[PDB]
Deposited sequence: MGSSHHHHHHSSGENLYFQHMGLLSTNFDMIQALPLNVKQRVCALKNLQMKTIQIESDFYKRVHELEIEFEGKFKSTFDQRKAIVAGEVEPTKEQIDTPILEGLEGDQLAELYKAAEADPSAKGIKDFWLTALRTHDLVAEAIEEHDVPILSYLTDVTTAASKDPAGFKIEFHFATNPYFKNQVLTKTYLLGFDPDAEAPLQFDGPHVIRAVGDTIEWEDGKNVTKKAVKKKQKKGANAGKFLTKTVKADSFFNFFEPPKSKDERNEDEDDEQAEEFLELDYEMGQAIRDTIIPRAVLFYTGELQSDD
């Protein structure tokens, strides 16, 4: 959405006044259409909430397989590890490394899934990798009041921090923004709220000192849990583009990675762009 830089400005400006007013009426009607879209999006939010219970079983079973708490059934073992393999190929793959009982579960599942998504891969630094190795599950749930959703990262006991769950929460507006009504294209983020990470000594990879000596932000995935402030409490459009980037990463994790985690583990979902 966009001032005078509208693609067809010259045509609009050259329009008779009585036609310009019909076009104004269409702008009014477009605001009404947008309000209906708003209500539609609220219905979809409730559908996602309703379907959390339907997804829950497959997600818990994935958690159990990954944590080694349950073993595969023969039906699952007969599911090909990768699709699109010649028959000798699948058999050689299954014969390229012998079983190892010392190996519980699927080491580094969520770390590999997260780093295989291109957008999330851009936020993971080398010093984040061993911390994310302790990630045992990633979960999401949505709410209606207050409206939005949360992502929760469940960490096994680890030398980096004491938290068992790190939580990111997004508060969304589903109503047309009043600051720009015609710019509506779905729920927009009002607020991002993170979690205080209780770092062990010497482990806070998100913070560095420079020399007066000042503490500054270091690059780390874990800045996901110190999200930018909004005008509510806030450059001015830097923490605003930062907030969009943080919300876009939220959406990737909620919409794409959590429902399709194993396809990112294998790398069977790719992007050329």
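Missing from the model, by position in the deposited sequence, are residues 1 to 18, 21, 231 to 242, 266 to 269.
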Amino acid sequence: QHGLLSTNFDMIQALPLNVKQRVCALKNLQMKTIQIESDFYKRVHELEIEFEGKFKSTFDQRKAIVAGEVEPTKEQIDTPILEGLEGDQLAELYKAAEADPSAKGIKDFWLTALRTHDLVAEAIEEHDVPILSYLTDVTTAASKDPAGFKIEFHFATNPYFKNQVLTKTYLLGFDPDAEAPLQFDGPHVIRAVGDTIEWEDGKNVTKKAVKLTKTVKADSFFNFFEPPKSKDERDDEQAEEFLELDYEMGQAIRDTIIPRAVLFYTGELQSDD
From here on, numbers count along this sequence of modelled residues.
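Throughout, rigid core stands for the largest set of C-alpha atoms superposing within 1.5 Å between the two forms.
Once the rigid core is used to overlay the structures in 5 other deposited structures of this protein, the stretch among 196 to 204 and 177 to 185 whose CA atoms lie farther from this form is 177 to 185. Annotation: of the segments 80 to 88 and 98 to 106, 80 to 88 departs further from this form in 5 other deposited structures of this protein (C-alpha atoms, root mean square over structures and residues, core superposition). Coverage remark for residue 238: present in the model in all other entries compared whose chains are built on both sides, leaving no third without it. Residue 217, present in the displayed chain, carries coordinates in each of the other PDB entries compared that cover both sides of it, far from a third leaving it out. For the pair 128 to 136 and 90 to 98, the mean B factor over Cα atoms is greater in 90 to 98.
Look at the C-alpha B-factors of 113 to 121 and of 171 to 179. On average they run higher in 171 to 179. The entry assigns its greatest Cα B factor, within the set 46, 236, 246, 37, to 236. Across 201, 152, 108, 145, the entry's maximum B-factor at the CA atom is seen for 145. For residue 60, the recorded CA temperature factor ranks within the middle third of the chain's modelled residues. Ranked by Cα temperature factor within the chain, residue 232 sits in the highest third according to the deposited record. The deposited CA B-factor of residue 218 belongs to the middle third of values across its chain. Among the modelled residues of its chain, residue 212 has a C-alpha B-factor that falls in the highest third according to the deposited record. Sort the modelled residues of the chain by CA B factor and residue 25 lands in the middle third.
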